[PDB]
Amino acid sequence: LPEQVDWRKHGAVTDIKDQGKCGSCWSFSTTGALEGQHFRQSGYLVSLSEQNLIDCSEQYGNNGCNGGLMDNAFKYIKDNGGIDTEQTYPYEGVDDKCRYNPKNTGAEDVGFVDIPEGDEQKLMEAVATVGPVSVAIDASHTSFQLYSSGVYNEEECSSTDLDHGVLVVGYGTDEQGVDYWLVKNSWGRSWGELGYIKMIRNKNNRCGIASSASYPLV
Ligand SMILES: CC(C)C[C@H](NC(=O)[C@@H](O)CC(=O)O)C(=O)NCCCCNC(N)=[NH2+]
């Protein structure tokens, strides 16, 4: 099992995206994980449409800019028979009419895998063997908002009160011997480490990173 993983190096990760002032994190987390799995299956990286999920998945319990869940979105994608490319259904950060076009599909899924709750070990194995994984985290603290550099360790984090869906693309150990998760956020490149955060790993599921982790099946 690898000591470090960076799926960005292996072509499985799209550029940092920016959700702006729309509360759509779930849709970026969803597209992140499915971009990774479509890449692993197909050999092709294709950026996928967050606006398609926002616009079209309300009957799966997703409420667009008022929040949603990654598993509900993988299910919408299964039932719908695909999700459109970013290029043909670009992100608007508003609620709009469903404009899904099956001719512009960028990826399909057949379902998903939920990693057991709290299990950072099963999360590491999924990240190592499958690829980037959708995760829910407690991103509520000032320290997360202002995060710039190094390994994020917020003692005040909840492992159970989670508000922000993001993407684990890798993991490692920093030069102080501190284990971390390499996380892709959807707050654009000016946040954190060009849009990425290192979140402390094997510290009792800090910020709930393994509380609600899943990846789609293709
Ligand atoms: C971890 C994330 C994905 C939770 C989700 N949050 C959001 O979608 C956005 O508000 C957050 C954001 O930063 O854009 C949310 O609040 N969804 C509502 C779900 C309703 C309750 N069901 C649950 N949590 N099983």
Side-chain angles (χ1 to χ4, degrees), residues 14 16-37 48-78 83 86 90-96 109 111-120 123 126-127 132-147 152 154 156-169 181-193 195-197 199-201 205-216:
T14 62
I16 286 302
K17 299 189 181 173
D18 194 342
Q19 66 181 96
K21 296 176 307 98
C22 163
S24 54
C25 61
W26 62 277
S27 76
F28 289 84
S29 183
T30 299
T31 55
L34 183 62
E35 289 158 353
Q37 292 309 297
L48 300 175
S49 170
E50 296 76 17
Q51 199 66 53
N52 180 358
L53 296 174
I54 287 165
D55 287 352
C56 306
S57 70
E58 193 132 49
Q59 50 203 2
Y60 293 74
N62 289 325
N63 309 123
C65 293
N66 245 333
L69 299 171
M70 286 76 91
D71 286 355
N72 295 225
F74 299 143
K75 177 49 167 177
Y76 159 70
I77 294 168
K78 183 188 172 180
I83 182 177
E86 196 70 283
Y91 184 62
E92 295 175 3
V94 299
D95 200 34
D96 206 343
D109 76 39
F112 59 90
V113 168
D114 285 328
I115 289 143
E117 177 190 347
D119 193 332
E120 288 191 79
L123 177 53
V127 172
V133 183
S134 288
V135 297
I137 58 156
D138 178 10
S140 67
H141 292 96
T142 315
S143 56
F144 190 92
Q145 316 317 316
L146 308 189
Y147 166 80
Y152 184 70
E154 180 44 80
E156 295 302 329
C157 254
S158 185
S159 300
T160 70
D161 280 32
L162 312 180
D163 64 351
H164 194 45
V166 292
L167 188 68
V168 184
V169 299
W181 300 108
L182 179 50
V183 172
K184 200 186 182 204
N185 199 10
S186 53
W187 282 3
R189 286 187 187 75
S190 184
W191 183 85
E193 293 192 346
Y196 284 85
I197 179 168
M199 287 188 73
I200 194 158
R201 175 165 68 92
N205 186 29
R206 183 74 89 246
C207 295
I209 193 157
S211 292
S212 176
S214 65
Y215 58 84

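Both ligands and their constituent atoms are indexed starting at 1 by order of listing. Sequence positions, counted from 1, serve as the residue numbers for this chain. No hydrogens, no waters, no symmetry mates; every other heavy atom, side chains included, goes into these values.
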Given side chains that start at C-beta, do those of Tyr196 and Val169 come closer than 4.5 Å, heavy atoms only?
-> yes
Does an N or O anywhere in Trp187 fall below 3.5 Å from an N or O of ligand 1?
-> no
Under 30°, 30 to 60°, or over 60°: which ring-plane class applies to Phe112 and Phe74, parallel, tilted or perpendicular?
-> tilted
Hey, which atoms in ligand 1 end up nearer than 4.0 Å to a heavy atom of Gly23?
-> 8 (O), 9 (C), 10 (O), 14 (O)
Contact atoms of ligand 1, heavy-atom distance to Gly67 under 4.0 Å = 7 (C), 8 (O)
Looking at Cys25, which atoms of ligand 1 are within less than 4.0 Å of one of its heavy atoms?
-> 6 (N), 7 (C), 8 (O), 9 (C), 11 (C), 12 (C), 13 (O), 14 (O)
Any side-chain heavy atom of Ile54 sitting closer than 4.5 Å to one from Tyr91?
-> yes
Using a strict 4.0 Å cut-off to heavy atoms of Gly165, name the atoms of ligand 1 that fall inside it.
-> 1 (C), 2 (C), 3 (C)
For atom 23 (C) of ligand 1, is some protein heavy-atom partner under 4.0 Å away?
-> yes
Which protein heavy atom lies closest to atom 14 (O) of ligand 1, and at what distance to 0.1 Å?
-> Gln19 NE2, 2.8 Å
Do the side chains of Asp138 and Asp161 get nearer than 4.5 Å, heavy atoms only?
-> no
Rounded to the nearest 0.5 Å, what's the gap from NZ on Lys17 to OG1 on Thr31? Could you check?
-> 4.0 Å
Is there side-chain contact between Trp191 and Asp18, with at least one heavy-atom pair below 4.5 Å?
-> no
When you look for heavy atoms under 4.0 Å from ligand 1, do you find them on the side chain of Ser29, its backbone, both, or neither?
-> neither
Any nitrogen or oxygen of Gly68, main chain or side chain, under 3.5 Å from a nitrogen or oxygen of ligand 1?
-> yes
Side chains of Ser211 and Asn205: do they bring a donor and an acceptor to under 3.5 Å?
-> yes
At under 4.0 Å between heavy atoms, what of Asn63 touches ligand 1? The answer is neither
In terms of side-chain heavy atoms, does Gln19 have a donor or acceptor partner in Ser186 at a distance below 3.5 Å?
-> yes
Identity and separation of the nearest protein heavy atom to atom 6 (N) of ligand 1 = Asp163 O, 3.4 Å
Which ligand 1 atoms are under 4.0 Å away from a heavy-atom of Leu69?
-> 19 (C), 22 (N), 23 (C), 24 (N), 25 (N)
On the 0 to 90° scale, with breaks at 30° and 60°, tag the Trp187-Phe144 ring pair as parallel, tilted or perpendicular.
-> perpendicular
At what distance is the nearest protein heavy atom to atom 13 (O) of ligand 1, and which residue and atom is it?
-> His164 ND1, 2.8 Å
